[PDB]
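Taking it in order: structure first as structure tokens, then the write-up.
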Amino acid sequence: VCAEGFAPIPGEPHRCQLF
């Protein structure tokens, strides 16, 4: 999970980015 405006990463599913 993460924060309002975030989601998994392309090829790395541990940290966030933008929504």
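In the structure tokens, each chain is lettered A, B, ... as it comes, each chain's residues begin at 1, and ligands are numbered from 1 in order of appearance.
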Worksheet item: Near residue 2 in chain A, within 9 Å and counting only C-alpha atoms, which residues show up once chain neighbours fewer than 6 positions away are dropped, as an NGL selection string?
Response: :A and (8 or 15-16)
Worksheet item: residue 19 in chain A: which residues within 9 Å, counting only C-alpha atoms, same-chain residues fewer than 6 positions away excluded, as a ChimeraX atom specification?
Response: /A:4-7
